[PDB]
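Before any comments, here is the structure.
Sequence lines set the chain letters: A, B, ... in the order given, protein chains first and strands last, and positions in each chain run from 1. Excluded from the calculations below are hydrogen atoms, water molecules and symmetry mates; all remaining heavy atoms, backbone and side chain alike, are included.
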Amino acid sequence: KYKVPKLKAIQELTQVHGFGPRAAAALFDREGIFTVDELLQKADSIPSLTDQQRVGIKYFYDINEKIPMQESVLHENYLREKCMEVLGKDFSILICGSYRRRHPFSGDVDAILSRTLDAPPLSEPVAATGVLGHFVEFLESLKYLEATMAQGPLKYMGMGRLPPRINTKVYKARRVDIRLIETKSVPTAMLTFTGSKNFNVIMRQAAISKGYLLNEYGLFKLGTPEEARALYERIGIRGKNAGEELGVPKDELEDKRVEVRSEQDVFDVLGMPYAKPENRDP
DNA sequence: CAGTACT
DNA sequence: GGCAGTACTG
Ligand code: NA
């Protein structure tokens with residue numbers, strides 16, 4: 001990632017959702033598959049593919065159809081309406097991603113679900129109440145969500161299709177991600193999930209250089225690299241994260257939180273000039 | 001875990 | 001020698 005026959009096949013096959021270099025090489029080696037179209041053709045007869053991979057394959061065409069800005073507006077409205085219906089006024093939905101950066105086309109619908117600033121406090125992480133699952137099930141019963149790639153208490157990834165509009169128009173299925181985020185974490189999650197990816201990396205490096213940890217959950221003042229390392233020793237998890245569980249920082253990391261109300265707060269604390277979403281494509 | 005995904 | 005950071009799958 002830093003530097004950035006069998007190789008060319010890997011380059012082909014990793015276009016498919018669920019397939020990385022490892023699954024690709026196994027397709028090549030075990031199955032003798034060189035191209036996407038061979039994989040599409042053989043998929044059903046390779047018993048070892050995951051359910052998620054089978055979704056990536058079955059929806060290959062849809063996934064690679066870009067979403068026009070105007071359809072994203074409809075997805076946003078729809079998600080907000082359904083959120084209001086089944087979750088009520090305590091909850092809100094915001095669509096981020098390249099759409100919020102105002103690109104004419106996007107590759108998916110990237111949503112944040114969170115409690116409003118006015119909602120009563122909870123005594124538990126919001127992801128422990130099972131609200132993401134309730135919301136997902138609601139959207140499935142409506143046939144908006146029609147296939148799941150992966151779902152946990154914090155994050156849903158799947159396929160969503162707007163219902164037909166009346167001549168009648170049938171919509172394409174679209175990649176939909178939904179993340180359940182604590183209220184105080186909204187501005188940092190908006191930053192993260194609006195991106196771009198390179199933008200986030202640059203800002204996280206700026207945070208590191210000033211002795212902060214920046215992630216979607218918050219901005220945390222760590223101090224020296226050694227104080228940071230000492231902290232990571234205590235609560236940091238090798239292949240997982242710096243110390244959150246169910247979207248809530250562990251106490252010792254929470255103690256380091258610098259509260260923010262807005263994206264602007266984060267730029268300011270890091271000594272960076274504000275950039276509007278549409279100017280976050282470095 | 002190791003793979004894969006996401007911004 | 002470490003790098004941006006974190007979620008779900010099996
Ligand atoms: Na892929």
Side-chain angles (χ1 to χ4, degrees), chain A residues 1-4 10 13-21 23-27 47-57 63 94-101 103 106-113 125 127 132-133 136 148-159 175-182 185 187-220 222 225 228-229 232 235-237 239-250 253 263 266 270 275 277 280-282:
Chain A
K1 71 192 292 291
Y2 300 108
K3 300 159 92 283
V4 168
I10 295 177
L13 297 173
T14 63
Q15 288 177 108
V16 180
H17 175 108
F19 294 84
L27 280 184
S48 75
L49 302 183
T50 57
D51 296 343
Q52 182 171 185
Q53 289 167 331
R54 292 194 201 279
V55 177
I57 287 153
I63 289 165
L94 179 63
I95 306 303
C96 298
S98 68
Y99 164 77
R100 182 171 176 248
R101 300 210 306 288
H103 295 204
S106 299
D108 67 5
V109 182
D110 151 28
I112 291 164
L113 177 66
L132 185 53
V136 160
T148 297
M149 283 156 168
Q151 179 178 349
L154 293 166
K155 170 143 123 308
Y156 168 88
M157 298 193 299
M159 306 296 306
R175 281 280 289 103
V176 178
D177 288 350
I178 308 169
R179 295 171 180 86
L180 175 59
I181 299 297
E182 298 280 342
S185 299
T188 41
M190 280 168 64
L191 272 167
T192 295
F193 299 121
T194 295
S196 71
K197 170 199 163 303
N198 285 341
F199 177 79
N200 293 346
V201 170
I202 291 169
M203 185 168 284
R204 284 161 184 211
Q205 311 185 290
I208 287 170
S209 75
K210 293 179 172 300
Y212 289 86
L213 159 65
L214 174 63
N215 61 33
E216 58 266 50
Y217 298 125
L219 172 59
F220 308 91
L222 270 36
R229 290 190 301 265
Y232 192 99
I235 74 181
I237 315 81
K240 190 174 181 182
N241 65 45
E244 306 97 19
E245 165 70 38
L246 286 192
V248 178
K250 288 179 178 176
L253 181 51
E263 294 187 308
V266 173
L270 297 177
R280 293 170 203 176
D281 278 288

Which part of the nucleic acid, if any, lies within contact of A:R101, taking any heavy atom under 4.0 Å across all strands shown: a base, the sugar-phosphate backbone alone, or nothing? sugar-phosphate
Does B:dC6 have OP1 or OP2 under 4.0 Å away from a side-chain N or O of A:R175? yes
Base of B:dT7, side chain of A:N200 - is there a donor-acceptor contact under 3.5 Å? yes
Is A:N215 close enough to C:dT6 that one of its side-chain N or O atoms is under 4.0 Å from OP1 or OP2 there? yes
Nearest to side-chain heavy atoms of A:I208, which nucleotide of C:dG5, C:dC8, C:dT6: C:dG5
Does A:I202 reach a base, just sugar-phosphate, or nothing at all? Heavy atoms under 4.0 Å. nothing
How would you label the contact of A:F193 with the nucleic acid (heavy atoms, under 4.0 Å): base, sugar-phosphate, or nothing? sugar-phosphate
If you look at every strand shown and take non-hydrogen atoms under 4.0 Å, does A:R100 touch a base, only sugar-phosphate, or nothing? nothing
Distance test, side-chain N/O of A:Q205 to OP1/OP2 of C:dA4, below 4.0 Å: yes
Establish, with yes or no, whether the OP1 or OP2 oxygen of C:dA7 is under 4.0 angstrom from a side-chain nitrogen or oxygen of A:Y156. no
Need one value for A:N198: base, sugar-phosphate or nothing, where a base atom within 4.0 Å counts as base even if backbone is also close, heavy atoms only. nothing
Using a heavy-atom cut-off of 4.0 Å across all strands, would you classify A:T194 as base, sugar-phosphate, or nothing? sugar-phosphate
Would you indicate what A:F199 reaches in the nucleic acid, counting non-hydrogen atoms under 4.0 angstrom: base, sugar-phosphate, or nothing? nothing
Is the phosphate of C:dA7, meaning OP1 or OP2, less than 4.0 Å from a side-chain N or O of A:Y217? yes
Side chain of A:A150, heavy atoms from C-beta onward: which of C:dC8, C:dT6, C:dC3 has the nearest atom to it? C:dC8
